[PDB]
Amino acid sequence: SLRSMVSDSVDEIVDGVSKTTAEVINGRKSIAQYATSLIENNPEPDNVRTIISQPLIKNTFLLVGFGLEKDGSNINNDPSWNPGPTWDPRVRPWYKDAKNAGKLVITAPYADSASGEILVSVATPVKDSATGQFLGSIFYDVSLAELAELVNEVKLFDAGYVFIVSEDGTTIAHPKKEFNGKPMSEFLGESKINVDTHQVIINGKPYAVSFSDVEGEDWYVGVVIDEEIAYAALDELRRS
């Protein structure tokens, strides 16, 4: 039926998007781990700068920086980036999340020190190759705007969008940047994830909403699809 067709298509769209999203995030983590491994091999300042200032790194991340435990100094790849004169990398979420985990992690969303923009960072600790002593942490900042734009390149009957959330409904990435880091209830009017496709009313209008898990993080992708438009589009695909 039309309803079963709409429901099955919505299931398929969000399942597909969760696969693409996992690949995007894994690609970012793989680049970050590669750069980190090269830094661990030789963490001399000149080498660090070479590694993090190449086009691949500049294009993949908003900003990359290596903060040192010994003195709270840092080397980063943006001479203009200014978090203020008292900034200490050692007290930042990316630094402590990497130190505490002892391995690559992605932070929860947080506010950038310089811009106030909500982002997440891939974060990695750096160990002495001989002794295993913790030397500091590296962050690789991920634009949530670019992430939302990327995940929304899928065909969604020309009226609908894809978003990403944590297990607890915190918005990781939404086409409207204002929602990043905010509870998904601000745009959905539901606060708990219901994975299975279901109806959500926004401003008197019905939408189909569905979620799918993202492999490698506790995240989920969600879709919000105009029900009127989807039904009409598929009815045209059926009757005529």
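The first residue of the sequence shown is number 1, and the count goes up from there.
S.K.: Pick between 27-35 and 198-206: the one whose mean CA B-factor in the entry is higher.
M.R.: Taking the mean B-factor of the alpha carbons in each, 198-206 is higher.
S.K.: Quick check: 128-136 versus 148-156, which has the larger average CA B-factor in the record?
M.R.: If you average the C-alpha B-factors of 148-156 and of 128-136, the larger mean comes out for 148-156.
S.K.: When the modelled residues of the chain are sorted by Cα temperature factor, does residue 63 land in the lowest, middle or highest third?
M.R.: Lowest third, going by the recorded CA B-factors of the chain.
S.K.: In terms of the CA temperature factor given in the entry, to which third of its chain does residue 79 belong: lowest, middle or highest?
M.R.: As the PDB entry reports it, the C-alpha B-factor of residue 79 lands in the highest third of its chain.
S.K.: Can you work out whether the C-alpha temperature factor of residue 40 puts it in the lowest, middle or highest third of the chain?
M.R.: For residue 40, the deposited C-alpha B-factor lands in the middle third.
S.K.: Which third, lowest, middle or highest, does the C-alpha temperature factor of residue 214 belong to within its own chain?
M.R.: Residue 214: CA B-factor falls in the highest third of its chain.
S.K.: Going by the entry, which third of its chain does the Cα temperature factor of residue 189 land in?
M.R.: Middle third - that is where residue 189 ends up once the chain's C-alpha B-factors are sorted.
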